[PDB]
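Okay, here we've got a single chain as structure tokens, the form deposited in one PDB entry, with questions on binding and movement later.
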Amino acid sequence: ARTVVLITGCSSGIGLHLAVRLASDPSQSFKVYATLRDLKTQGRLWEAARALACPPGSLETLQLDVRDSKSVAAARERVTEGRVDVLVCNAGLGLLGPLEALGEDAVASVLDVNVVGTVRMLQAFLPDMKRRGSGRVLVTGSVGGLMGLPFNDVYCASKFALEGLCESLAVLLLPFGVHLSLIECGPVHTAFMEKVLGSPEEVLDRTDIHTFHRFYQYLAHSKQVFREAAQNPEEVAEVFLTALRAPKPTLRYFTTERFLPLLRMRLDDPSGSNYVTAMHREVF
């Protein structure tokens, strides 16, 4: 009857704006479960829900920790309709800084949440989609999963992993009628790079002066790129809707064509030397 949509990571950003956008829909086609790690962060989701005046019953919140498969099961249990038509894997963690300055727990956590937690969603939800012979999976990707960035080593590691995970799955799912797509985001203006980085004080402690100086230069350049390229989460959310609406989804949707030149140069010098050279000069 309604298309049932479960989204992870709805407390801010792309996930919040997509949950209520679908909400929301003048057509009333969508029943949305918006999941969040901490319910104390659900205020903005319910504010924004009021702003776009979502109908009553359009939006149910669930608590869901993607690092915890019992929590993934308990959120799956609470899906009354007993199917999910559109699973959106969007919960994600950032990590920014000199590699030797990152705590090993913080490294472990990004991988846990960004890769393993996506795996846990797909394990809990894919079986029944394959049995039904239908279902859409959308995954928040990043242009940092398509080309490496200085000081984003671990974030890019995590983002690249999702490409590996999802491309491998797509090759299998083709004849099942289950559709998986990555929505590849450039910079998005939400609230992103926040406490994804330690204090200058603590970062200097953990690295050399020359590396520290380079981090500042990367930050200056990143601020510039964001101010000249950063997209709306509203703009980003339409791309998810385009994929969810397509009769035969491709593997990747790009929310911006802007980085495609740069990605072309990675990909026709397989040695990686052109990319690394171009990016070094771009950043520094």
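Think of the rigid core as the biggest set of C-alphas that the two forms share within 1.5 Å after superposition. In case it trips you up, residue 1 is the first one in the sequence shown, and so on. Shifts are known only where both forms have a C-alpha.
Keep in mind that the form deposited in another entry is not shown, yet the notes after this line are about it.
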* **Rigid-core fit between this form and the one not shown, the member of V196, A73, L172, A106 whose C-alpha shifts 2 angstroms or more** => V196
* Cα separation of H189 and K195 in the other form versus here, shift of 3 Å or more -> closer
* To do: Work out whether the Cα atoms of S199 and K223 come closer together or move farther apart in the other form than they are in this form, the change being 3 angstroms or more.
  => closer
* Asked: Relative to the superposed rigid core, which consecutive-residue segments of length 3 or more display CA displacements of 2 Å or more between this form and the one not shown?
  -> 190 to 199
